[PDB]
$ cat target03.txt   # compact mmCIF, C-alpha atoms and all ligand atoms
# COMPACT_ATOMS: atom_id res chain seq x y z
CA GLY A 1 0.00 0.00 0.00
CA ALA A 2 0.93 3.69 -0.25
CA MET A 3 1.70 5.17 3.24
CA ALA A 4 -1.01 7.87 2.76
CA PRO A 5 -3.08 6.85 -0.27
CA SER A 6 -3.86 9.95 -2.44
CA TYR A 7 -5.49 11.13 -5.68
CA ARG A 8 -3.61 13.50 -8.01
CA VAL A 9 -4.17 14.79 -11.55
CA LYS A 10 -1.60 15.60 -14.28
CA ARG A 11 -2.11 17.09 -17.75
CA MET A 12 0.28 15.09 -19.97
CA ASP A 13 0.56 11.88 -22.03
CA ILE A 14 -0.10 8.79 -19.79
CA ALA A 15 2.63 6.96 -21.80
CA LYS A 16 5.14 9.19 -19.80
CA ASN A 17 3.61 8.25 -16.36
CA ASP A 18 5.67 7.83 -13.12
CA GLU A 19 3.47 5.08 -11.61
CA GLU A 20 3.95 1.31 -11.08
CA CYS A 21 1.23 0.35 -13.66
CA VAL A 22 -1.05 1.94 -16.29
CA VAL A 23 -4.72 1.60 -17.23
CA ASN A 24 -5.35 1.66 -20.96
CA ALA A 25 -8.68 3.06 -22.27
CA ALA A 26 -8.88 -0.03 -24.50
CA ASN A 27 -11.22 -1.23 -27.23
CA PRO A 28 -12.82 -4.70 -26.83
CA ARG A 29 -10.73 -6.21 -29.73
CA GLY A 30 -7.22 -5.38 -28.48
CA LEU A 31 -6.64 -3.13 -31.55
CA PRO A 32 -4.15 -0.20 -31.49
CA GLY A 33 -7.08 2.22 -31.57
CA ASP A 34 -6.73 6.03 -31.24
CA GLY A 35 -6.00 8.61 -28.49
CA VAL A 36 -4.84 7.09 -25.13
CA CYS A 37 -5.08 3.54 -26.66
CA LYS A 38 -2.71 4.46 -29.58
CA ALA A 39 -0.22 6.11 -27.13
CA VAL A 40 -0.28 2.93 -24.99
CA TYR A 41 0.20 0.75 -28.14
CA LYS A 42 3.30 2.79 -29.16
CA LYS A 43 4.84 2.61 -25.64
CA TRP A 44 3.89 -0.96 -24.59
CA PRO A 45 2.99 -2.90 -27.81
CA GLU A 46 3.90 -6.26 -26.19
CA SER A 47 0.94 -5.72 -23.79
CA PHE A 48 -1.54 -6.16 -26.68
CA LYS A 49 -0.93 -9.96 -26.90
CA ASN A 50 -4.39 -11.47 -26.14
CA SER A 51 -5.65 -8.22 -24.59
CA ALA A 52 -9.18 -8.45 -26.18
CA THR A 53 -11.89 -8.44 -23.44
CA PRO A 54 -15.60 -7.50 -23.31
CA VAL A 55 -17.12 -4.12 -22.45
CA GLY A 56 -17.26 -3.50 -18.70
CA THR A 57 -14.12 -5.64 -17.99
CA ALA A 58 -10.40 -5.22 -17.48
CA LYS A 59 -7.62 -7.60 -18.56
CA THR A 60 -3.98 -7.15 -17.47
CA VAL A 61 -1.04 -8.02 -19.78
CA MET A 62 2.61 -7.56 -18.82
CA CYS A 63 5.08 -5.57 -20.90
CA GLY A 64 8.26 -7.00 -19.33
CA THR A 65 7.36 -6.66 -15.65
CA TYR A 66 5.30 -3.42 -16.20
CA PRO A 67 1.51 -4.18 -15.95
CA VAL A 68 -0.89 -2.71 -18.54
CA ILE A 69 -4.53 -3.00 -17.33
CA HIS A 70 -6.74 -2.91 -20.48
CA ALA A 71 -10.08 -1.45 -19.29
CA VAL A 72 -12.96 -1.39 -21.81
CA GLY A 73 -15.47 1.39 -21.25
CA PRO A 74 -18.73 1.48 -23.25
CA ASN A 75 -19.07 3.50 -26.46
CA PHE A 76 -22.06 5.80 -25.67
CA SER A 77 -22.75 5.96 -29.46
CA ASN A 78 -23.96 2.29 -29.17
CA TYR A 79 -25.24 1.97 -25.54
CA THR A 80 -28.30 3.64 -23.98
CA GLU A 81 -27.41 6.20 -21.22
CA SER A 82 -28.64 3.64 -18.59
CA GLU A 83 -26.74 0.57 -19.89
CA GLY A 84 -23.61 2.62 -20.69
CA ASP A 85 -23.60 4.07 -17.18
CA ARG A 86 -23.76 0.48 -15.71
CA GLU A 87 -20.90 -0.77 -17.97
CA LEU A 88 -18.70 2.31 -17.22
CA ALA A 89 -19.13 1.71 -13.43
CA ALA A 90 -18.35 -2.04 -13.95
CA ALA A 91 -15.10 -1.35 -15.94
CA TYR A 92 -13.73 0.76 -13.05
CA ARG A 93 -14.71 -1.95 -10.46
CA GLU A 94 -12.61 -4.48 -12.52
CA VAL A 95 -9.71 -1.94 -12.57
CA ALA A 96 -9.80 -1.82 -8.74
CA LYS A 97 -9.70 -5.67 -8.57
CA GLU A 98 -6.64 -5.75 -10.89
CA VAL A 99 -4.76 -2.95 -9.08
CA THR A 100 -5.37 -4.85 -5.78
CA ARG A 101 -4.31 -8.26 -7.20
CA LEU A 102 -1.08 -6.78 -8.65
CA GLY A 103 0.04 -5.36 -5.26
CA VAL A 104 1.17 -2.06 -6.83
CA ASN A 105 1.58 1.06 -4.68
CA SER A 106 0.58 3.47 -7.55
CA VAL A 107 -1.50 3.43 -10.81
CA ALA A 108 -1.87 5.86 -13.76
CA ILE A 109 -5.52 6.05 -14.98
CA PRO A 110 -7.34 7.97 -17.76
CA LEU A 111 -11.08 8.89 -17.57
CA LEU A 112 -12.83 6.04 -19.42
CA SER A 113 -15.50 6.83 -22.09
CA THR A 114 -14.65 10.62 -22.11
CA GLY A 115 -13.06 10.81 -25.63
CA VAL A 116 -14.29 9.09 -28.82
CA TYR A 117 -16.55 6.74 -26.72
CA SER A 118 -18.39 9.76 -25.08
CA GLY A 119 -21.12 9.86 -27.77
CA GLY A 120 -20.31 13.62 -28.07
CA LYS A 121 -21.23 14.45 -24.39
CA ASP A 122 -19.14 15.87 -21.52
CA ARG A 123 -18.75 12.90 -19.14
CA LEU A 124 -15.94 14.26 -16.84
CA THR A 125 -18.08 14.14 -13.66
CA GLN A 126 -19.83 10.81 -14.56
CA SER A 127 -16.54 9.02 -15.38
CA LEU A 128 -14.57 10.56 -12.44
CA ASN A 129 -17.32 9.68 -9.91
CA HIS A 130 -17.30 6.03 -11.08
CA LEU A 131 -13.45 6.07 -10.78
CA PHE A 132 -13.76 7.27 -7.16
CA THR A 133 -16.50 4.71 -6.31
CA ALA A 134 -14.17 1.86 -7.41
CA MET A 135 -10.76 3.20 -6.27
CA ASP A 136 -11.67 4.71 -2.84
CA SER A 137 -11.36 1.28 -1.07
CA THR A 138 -7.90 0.66 -2.64
CA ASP A 139 -4.63 1.84 -1.00
CA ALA A 140 -2.74 2.61 -4.23
CA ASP A 141 -1.68 6.22 -5.02
CA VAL A 142 -3.94 7.08 -8.04
CA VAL A 143 -2.69 9.60 -10.66
CA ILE A 144 -5.36 10.63 -13.17
CA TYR A 145 -4.09 11.74 -16.63
CA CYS A 146 -5.92 14.24 -18.86
CA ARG A 147 -5.02 16.46 -21.88
CA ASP A 148 -7.39 19.52 -21.61
CA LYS A 149 -6.50 22.56 -19.39
CA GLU A 150 -10.12 23.11 -18.18
CA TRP A 151 -10.52 19.38 -17.40
CA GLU A 152 -7.30 19.48 -15.30
CA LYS A 153 -8.81 22.35 -13.21
CA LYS A 154 -12.20 20.55 -12.76
CA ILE A 155 -10.62 17.17 -11.81
CA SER A 156 -8.24 18.94 -9.34
CA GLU A 157 -11.24 20.78 -7.77
CA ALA A 158 -13.20 17.52 -7.43
CA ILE A 159 -10.22 15.84 -5.67
CA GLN A 160 -9.65 18.83 -3.30
CA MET A 161 -13.47 19.02 -2.49
CA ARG A 162 -13.21 15.61 -0.69
CA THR A 163 -10.10 17.28 1.00
CL CL A 201 3.06 15.32 -22.80
CL CL A 202 -12.81 7.18 -24.85
CL CL A 203 -8.92 15.54 -21.26

$ encode --input "target03.txt" --output "structure tokens" --more "lines below"
Ligand SMILES: [Cl-]
Ligand SMILES: [Cl-]
Ligand SMILES: [Cl-]
Amino acid sequence: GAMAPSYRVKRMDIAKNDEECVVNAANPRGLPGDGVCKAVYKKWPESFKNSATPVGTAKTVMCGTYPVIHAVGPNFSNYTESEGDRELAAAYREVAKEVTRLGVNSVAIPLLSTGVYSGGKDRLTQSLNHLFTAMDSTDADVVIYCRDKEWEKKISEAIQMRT
């Protein structure tokens, strides 16, 4: 465990993270994809061997000894708001199981279903709240990665609000 488990947020490429493992915002087919997924494919391509997994699940593959947790959020273009919300919550619960099983003291995590799977809606609060619901009972240091300056400010405020 971390001595004083924390949440932090950084605005940078998650492929440059300083944590003991990474969560990929994966597709269900284990394809290179785009955005975070493409960055993860460039940095850790070995981790895409048999990484395909269904929506709402996470599957860990090692790149050397560095764990890549492939977490598949729903594409809100295809899911109803109700079913997508249930699958997005479930993906983060499977992330928390993997982080715990791996025994890591820190994890780098993007906001699932906020980019090309958002169905064109702002899901910062929805995705971050499901992240907190899953991760709050874990003792890993969590570092959230984002790219947008306004998102950085809103995620940082949400973390500080809980103290
Ligand atoms: Cl960067
Ligand atoms: Cl996405
Ligand atoms: Cl972002």

$ residues_around --input "target03.txt" --residues "stretch 146-152 of chain A" --least-positions-apart "5" --cutoff "8 Å" --atoms "all atoms listed in the file" --output "ChimeraX atom specification"
/A:9-13,110-111,124

$ residues_around --input "target03.txt" --residues "residue A:25" --least-positions-apart "4" --cutoff "9 Å" --atoms "all atoms listed in the file" --output "list in words"
residues 35, 36, 37, 40, 69, 70, 71, 72, 73, 109, 110, 111, 112 and 113 of chain A

$ residues_near_point --input "target03.txt" --point "(-5.7, 3.7, 4.5)" --cutoff "9 Å" --atoms "all atoms listed in the file" --output "ChimeraX atom specification"
/A:1-5,137-139

$ atom_distance --input "target03.txt" --atom1 "atom CA of residue A:67" --atom2 "atom CA of residue A:31"
17.6 Å

$ closest_residue --input "target03.txt" --among "A:118, A:125, A:6, A:24" --to "ligand CL 202 (chain A)" --atoms "only C-alpha atoms and all ligand atoms"
A:118

$ atom_distance --input "target03.txt" --atom1 "atom CA of residue A:159" --atom2 "atom CA of residue A:7"
6.7 Å

$ atom_distance --input "target03.txt" --atom1 "atom CA of residue A:17" --atom2 "atom CA of residue A:106"
10.5 Å

$ closest_residue --input "target03.txt" --among "A:93, A:131, A:8, A:18" --to "residue A:156" --atoms "all atoms listed in the file"
A:8

$ closest_residue --input "target03.txt" --among "A:38, A:64, A:78, A:58" --to "residue A:119" --atoms "only C-alpha atoms"
A:78

$ residues_around --input "target03.txt" --residues "residue A:104" --least-positions-apart "5" --cutoff "8 Å" --atoms "only C-alpha atoms" --output "VMD selection string"
chain A and resid 1 20 to 21 99 140

$ residues_around --input "target03.txt" --residues "residue A:19" --least-positions-apart "4" --cutoff "9 Å" --atoms "all atoms listed in the file" --output "list in words"
residues 104, 105, 106, 107, 108, 141, 142 and 143 of chain A

$ closest_residue --input "target03.txt" --among "A:114, A:51, A:100, A:77" --to "ligand CL 202 (chain A)" --atoms "all atoms listed in the file"
A:114

$ residues_near_point --input "target03.txt" --point "(-21.9, -0.5, -18.0)" --cutoff "10 Å" --atoms "all atoms listed in the file" --output "ChimeraX atom specification"
/A:55-57,72-76,79-92

$ axis_aligned_box --input "target03.txt" --around "stretch 110-115 of chain A" --padding-each-side "4 Å" --output "lines of an AutoDock Vina configuration file"
center_x = -11.4
center_y = 8.4
center_z = -21.6
size_x = 16.2
size_y = 12.8
size_z = 16.1

$ closest_residue --input "target03.txt" --among "A:98, A:63, A:145, A:154" --to "ligand CL 201 (chain A)" --atoms "only C-alpha atoms and all ligand atoms"
A:145

$ closest_residue --input "target03.txt" --among "A:16, A:52, A:46, A:126" --to "residue A:29" --atoms "all atoms listed in the file"
A:52

$ decode --input "target03.txt" --residues "stretch 4-106 of chain A" --atoms "C-alpha atoms" --output "mmCIF file, in the first residue's frame"
data_model
loop_
_atom_site.group_PDB
_atom_site.id
_atom_site.type_symbol
_atom_site.label_atom_id
_atom_site.label_comp_id
_atom_site.auth_asym_id
_atom_site.auth_seq_id
_atom_site.Cartn_x
_atom_site.Cartn_y
_atom_site.Cartn_z
ATOM 1 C CA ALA A 4 -1.013 7.865 2.763
ATOM 2 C CA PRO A 5 -3.079 6.852 -0.269
ATOM 3 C CA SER A 6 -3.860 9.948 -2.436
ATOM 4 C CA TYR A 7 -5.485 11.129 -5.684
ATOM 5 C CA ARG A 8 -3.613 13.503 -8.010
ATOM 6 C CA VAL A 9 -4.170 14.791 -11.554
ATOM 7 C CA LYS A 10 -1.604 15.597 -14.281
ATOM 8 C CA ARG A 11 -2.113 17.091 -17.746
ATOM 9 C CA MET A 12 0.278 15.085 -19.973
ATOM 10 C CA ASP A 13 0.557 11.880 -22.026
ATOM 11 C CA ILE A 14 -0.104 8.793 -19.786
ATOM 12 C CA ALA A 15 2.629 6.957 -21.799
ATOM 13 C CA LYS A 16 5.144 9.187 -19.802
ATOM 14 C CA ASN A 17 3.613 8.245 -16.355
ATOM 15 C CA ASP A 18 5.672 7.826 -13.115
ATOM 16 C CA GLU A 19 3.469 5.080 -11.610
ATOM 17 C CA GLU A 20 3.951 1.310 -11.083
ATOM 18 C CA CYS A 21 1.231 0.348 -13.655
ATOM 19 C CA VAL A 22 -1.049 1.939 -16.287
ATOM 20 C CA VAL A 23 -4.719 1.604 -17.228
ATOM 21 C CA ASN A 24 -5.348 1.657 -20.963
ATOM 22 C CA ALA A 25 -8.682 3.061 -22.266
ATOM 23 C CA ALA A 26 -8.877 -0.030 -24.503
ATOM 24 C CA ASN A 27 -11.221 -1.228 -27.229
ATOM 25 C CA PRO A 28 -12.817 -4.702 -26.835
ATOM 26 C CA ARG A 29 -10.731 -6.214 -29.725
ATOM 27 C CA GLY A 30 -7.216 -5.384 -28.480
ATOM 28 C CA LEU A 31 -6.636 -3.135 -31.550
ATOM 29 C CA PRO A 32 -4.148 -0.197 -31.489
ATOM 30 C CA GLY A 33 -7.082 2.224 -31.574
ATOM 31 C CA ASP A 34 -6.733 6.034 -31.241
ATOM 32 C CA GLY A 35 -6.000 8.612 -28.493
ATOM 33 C CA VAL A 36 -4.839 7.089 -25.127
ATOM 34 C CA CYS A 37 -5.079 3.545 -26.662
ATOM 35 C CA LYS A 38 -2.715 4.456 -29.575
ATOM 36 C CA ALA A 39 -0.215 6.115 -27.132
ATOM 37 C CA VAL A 40 -0.276 2.928 -24.986
ATOM 38 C CA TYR A 41 0.199 0.753 -28.142
ATOM 39 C CA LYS A 42 3.303 2.788 -29.163
ATOM 40 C CA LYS A 43 4.840 2.609 -25.635
ATOM 41 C CA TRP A 44 3.885 -0.963 -24.591
ATOM 42 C CA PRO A 45 2.991 -2.896 -27.806
ATOM 43 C CA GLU A 46 3.898 -6.262 -26.194
ATOM 44 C CA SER A 47 0.937 -5.716 -23.792
ATOM 45 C CA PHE A 48 -1.545 -6.165 -26.683
ATOM 46 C CA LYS A 49 -0.932 -9.959 -26.898
ATOM 47 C CA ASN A 50 -4.387 -11.474 -26.137
ATOM 48 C CA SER A 51 -5.651 -8.216 -24.590
ATOM 49 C CA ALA A 52 -9.175 -8.451 -26.176
ATOM 50 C CA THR A 53 -11.894 -8.440 -23.442
ATOM 51 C CA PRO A 54 -15.599 -7.496 -23.307
ATOM 52 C CA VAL A 55 -17.121 -4.122 -22.455
ATOM 53 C CA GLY A 56 -17.263 -3.503 -18.701
ATOM 54 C CA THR A 57 -14.123 -5.635 -17.995
ATOM 55 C CA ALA A 58 -10.397 -5.218 -17.477
ATOM 56 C CA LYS A 59 -7.623 -7.599 -18.561
ATOM 57 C CA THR A 60 -3.976 -7.150 -17.468
ATOM 58 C CA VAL A 61 -1.038 -8.021 -19.779
ATOM 59 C CA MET A 62 2.610 -7.555 -18.819
ATOM 60 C CA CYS A 63 5.075 -5.568 -20.902
ATOM 61 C CA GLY A 64 8.264 -6.998 -19.335
ATOM 62 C CA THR A 65 7.362 -6.656 -15.654
ATOM 63 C CA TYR A 66 5.296 -3.424 -16.201
ATOM 64 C CA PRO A 67 1.514 -4.177 -15.949
ATOM 65 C CA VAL A 68 -0.891 -2.709 -18.537
ATOM 66 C CA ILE A 69 -4.527 -3.000 -17.332
ATOM 67 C CA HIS A 70 -6.737 -2.908 -20.485
ATOM 68 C CA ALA A 71 -10.083 -1.446 -19.290
ATOM 69 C CA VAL A 72 -12.959 -1.385 -21.807
ATOM 70 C CA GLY A 73 -15.466 1.395 -21.251
ATOM 71 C CA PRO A 74 -18.732 1.476 -23.250
ATOM 72 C CA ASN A 75 -19.074 3.498 -26.464
ATOM 73 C CA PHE A 76 -22.059 5.795 -25.666
ATOM 74 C CA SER A 77 -22.749 5.963 -29.458
ATOM 75 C CA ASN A 78 -23.962 2.287 -29.167
ATOM 76 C CA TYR A 79 -25.241 1.966 -25.540
ATOM 77 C CA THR A 80 -28.297 3.636 -23.983
ATOM 78 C CA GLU A 81 -27.412 6.199 -21.216
ATOM 79 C CA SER A 82 -28.645 3.639 -18.587
ATOM 80 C CA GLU A 83 -26.745 0.568 -19.894
ATOM 81 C CA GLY A 84 -23.607 2.623 -20.689
ATOM 82 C CA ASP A 85 -23.598 4.070 -17.176
ATOM 83 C CA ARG A 86 -23.763 0.478 -15.711
ATOM 84 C CA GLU A 87 -20.903 -0.770 -17.967
ATOM 85 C CA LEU A 88 -18.696 2.307 -17.221
ATOM 86 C CA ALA A 89 -19.126 1.707 -13.432
ATOM 87 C CA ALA A 90 -18.350 -2.041 -13.952
ATOM 88 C CA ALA A 91 -15.104 -1.348 -15.940
ATOM 89 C CA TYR A 92 -13.728 0.760 -13.052
ATOM 90 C CA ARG A 93 -14.709 -1.953 -10.465
ATOM 91 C CA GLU A 94 -12.611 -4.480 -12.524
ATOM 92 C CA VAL A 95 -9.711 -1.944 -12.568
ATOM 93 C CA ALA A 96 -9.799 -1.817 -8.737
ATOM 94 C CA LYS A 97 -9.704 -5.671 -8.571
ATOM 95 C CA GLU A 98 -6.641 -5.751 -10.886
ATOM 96 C CA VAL A 99 -4.763 -2.955 -9.081
ATOM 97 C CA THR A 100 -5.370 -4.845 -5.777
ATOM 98 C CA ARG A 101 -4.310 -8.256 -7.198
ATOM 99 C CA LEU A 102 -1.081 -6.779 -8.650
ATOM 100 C CA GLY A 103 0.043 -5.356 -5.262
ATOM 101 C CA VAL A 104 1.167 -2.056 -6.833
ATOM 102 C CA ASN A 105 1.575 1.061 -4.683
ATOM 103 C CA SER A 106 0.583 3.472 -7.554
#
